[PDB]
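# Reading the structure
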Amino acid sequence: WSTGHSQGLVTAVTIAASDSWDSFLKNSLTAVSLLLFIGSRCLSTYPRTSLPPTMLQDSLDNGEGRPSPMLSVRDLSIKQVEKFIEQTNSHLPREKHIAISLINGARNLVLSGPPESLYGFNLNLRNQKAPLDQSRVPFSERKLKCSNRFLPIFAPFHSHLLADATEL
Amino acid sequence: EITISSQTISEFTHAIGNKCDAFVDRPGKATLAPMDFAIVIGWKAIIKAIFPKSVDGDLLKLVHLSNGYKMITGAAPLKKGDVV
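Residues numbered from 1 in each chain as written, not as in the entry; some residues may be left out. Chains lettered and ligands numbered in written order. Part of a larger assembly, values for the part shown. Heavy atoms only, no water. Residues with missing side-chain atoms left out of burial classes, pairs and counts.

As recorded in the PDB header, cryo-EM is the method behind this entry, and the stated resolution is 2.62 Å.

Looking up chain B in the PDB entry gives the name Fatty acid synthase subunit beta, with the organism given as Candida albicans.

By the naming in the PDB entry, chain A is Fatty acid synthase subunit beta, taken from Candida albicans.

See below:
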């Protein structure tokens with residue numbers, strides 16, 4: 001069988017639809033046209049904007065990358081990451097909310113939304129996390145560690161922001 | 001009399017390279033228009049000033065020396081749908 005990630009699933013179904021080389025070129029045309037439409041419509045629906053330089057500077061000077069519409073968080077469960085999104089969403093309006101974009105594993109997640117919303121998210125996560133040499137601390141009372149960073153992407157895939165791009 | 005439209009603000013912002021969030025249509029947000037759109041709105045009136053006979057000169061030798069904007073105190077920025 002075959003499948004794909006956030007973007008590769010179309011290629012997976014196309015390869016499943018493969019045939020002799022002449023039909024394979026048509027299959028490739030189909031996949032390429034579909035991805036072209038997806039990308040163009042998603043960007044038109046949610047074009048990324050300028051990002052406040054003070055905000056990216058604050059993000060950068062705390063061991064963080066450039067803010068992106070997706071924020072990967074590792075070493076945390078879906079339930080903990082979800083509770084943090086619920087805090088951020090409760091304190092954000094619905095239209096700049098954060099939602100679970102993809103669950104790469106038990107301790108690997110990526111969350112979609114506006115870069116500003118995910119920066120505030122990362123502020124909250126940095127406040128709650130620890131840098132710490134906790135070997136001398138009991139495991140039950142040990143602070144949780146995590147290495148969260150923004151992925152290299154310019155679109156919040158798997159989010160309500162691009163939901164209105166669907167019908168188009 | 002010109003009515004401000006999201007299409008016009010989009011074209012103007014992409015033209016000048018303005019990527020600011022306030023001028024891009026987002027849900028639950030009052031999309032605004034840049035103050036540089038003021039010269040677009042008032043180009044007709046402003047540029048009609050140099051045409052009269054009593055102000056005579058070579059328009060091909062015309063040189064724009066300076067331009068500036070000034071918001072009135074308490075006046076909100078221009079936004080979509082504004083009839084101006």
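Next comes the rest of the write-up.
### Focus: the packing of helix α1 (residues 9-16) of chain A against helix α2 (residues 21-45) of chain A
All names here are of chain A. Heads up, the rule is: Every axis in this analysis is a line fitted to C-alpha atoms, fitted for helices over the stretch in contact. Angles between the N-to-C directions lie between 0 and 180 degrees. Numbering of helices and strands runs from the N terminus; a helix is a DSSP stretch of H or I covering at least four residues, while a strand is a stretch of E covering at least two. What sets the label is the angle itself: under 35 degrees gives roughly parallel, over 145 gives roughly antiparallel, 65 to 115 gives roughly perpendicular, and the rest give oblique. We call a crossing left-handed when the near helix sits turned anticlockwise from the far one by less than a right angle, and right-handed when that turn is clockwise. When checking whether two residues touch, look at their non-hydrogen atoms; a contact exists if any pair is within 4.5 Å. Polarity classes work like this: nonpolar for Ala, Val, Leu, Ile, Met, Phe, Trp, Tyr, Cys and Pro, charged for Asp, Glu, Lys and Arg, and polar for all others, with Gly in that last group.
Interhelical geometry of α1 versus α2 gives an angle of 160 degrees and a closest axis separation of 9 Å. Between α1 and α2, the crossing angle belongs to the class labelled roughly antiparallel. For the crossing formed where α1 meets α2, the hand is right-handed. Packed against α1, whose contacting residues are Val 10, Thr 11 and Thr 14, the element α2 presents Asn 27, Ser 28, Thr 30, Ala 31, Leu 34 and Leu 35 at the interface. The class makeup of the residues in the contact of α1 with α2 is four nonpolar, five polar and no charged.

### Concerning α1(A)
Let me state the cut-off plainly: Buried means the residue's accessible area, taken with a 1.4 Å probe over protein chains only, is under 20% of the maximum for its type, while exposed means over 50%, and partly exposed covers the values in between.
Within α1(A) the residues assigned to the buried category are A:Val10, A:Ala12 and A:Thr14. Among the structural elements, α2 of chain A are those in contact with the buried residues of α1(A).

### Things to note about the packing of aromatic side chains
Note the cut-off: A pair of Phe, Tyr and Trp rings is counted when the ring centres sit within 6.5 Å of each other, with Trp represented by its six-membered ring. The angle between the planes then sorts it: under 30 degrees is stacked, over 60 is edge-to-face, the rest tilted. Two conditions define a charge located above a ring, namely a distance within 6 Å from the ring centre to NZ of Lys or CZ of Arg, and an angle within 35 degrees of the ring normal.
On inspection of all chains with the given rule, the structure shows two aromatic pairs over all chains. Seen in terms of ring centroids, A:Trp21 and A:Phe24 are 5.1 Å apart; in terms of plane orientation they differ by 90 degrees. Their pairing is edge-to-face. Separated by three residues within a single helix, A:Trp21 and A:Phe24 lie in helix α2, roughly one turn from each other. Residue classification places A:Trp21 among the exposed positions, given a relative accessible area of 68%. Consider the rings of B:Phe12 and B:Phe37, whose centres lie 5.6 Å apart with planes at 85 degrees: the pair is edge-to-face. Of this pair, B:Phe12 sits in helix α1 (residues 6-16) while B:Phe37 sits in helix α2 (residues 37-41); the two residues are 25 residues apart in sequence, bridging distant segments of the chain. The burial state of B:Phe12 is the same as that of B:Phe37; both residues are buried. Above the ring of A:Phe154, the side-chain terminus of A:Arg48 is found at 5.5 Å from the ring centroid. Just above the ring of A:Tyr46 sits the side chain of B:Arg26; from NZ or CZ to the centre is 3.7 Å.

### Considerations on the pattern of salt bridges
Residues and elements named next belong to chain B. Quick reminder of the rule: Here a salt bridge means any side-chain nitrogen of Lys or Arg lying within 4 Å of a carboxyl oxygen belonging to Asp or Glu.
Scanning the model with the defined rule gives three salt bridges over all chains in all. A salt bridge links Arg 26 to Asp 21; its shortest N-O distance comes to 3.3 Å. Judged by its relative accessible area of 9%, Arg 26 falls in the buried class. Two residues, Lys 79 and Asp 82, come together in a salt bridge whose shortest N-O distance is 3.3 Å. For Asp 82, a relative accessible area of 23% corresponds to the partly exposed category.

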